[PDB]
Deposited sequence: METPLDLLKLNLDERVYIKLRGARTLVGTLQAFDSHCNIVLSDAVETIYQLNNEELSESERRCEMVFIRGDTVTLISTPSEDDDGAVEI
């Protein structure tokens, strides 16, 4: 205590690491988030790990559905 969402809002307009479901994880600027853990990121960089590999994709604005967010790492 108090609210774990309050510990998130401290990271608004700030760079955050987020691991998603599977071998993909992106980092960017935390613009918005809600109860369900939907987020909006600025200038994000997503990575995909493969063994069968460092694939990177760039975007300036992205909405991520909460259903896929598992882990929010504070730098």
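| query | Counting from 1 along the deposited sequence, which stretches lack C-alpha positions? | reply | Several stretches lack coordinates - namely 53-56, 80-89, in sequence order.
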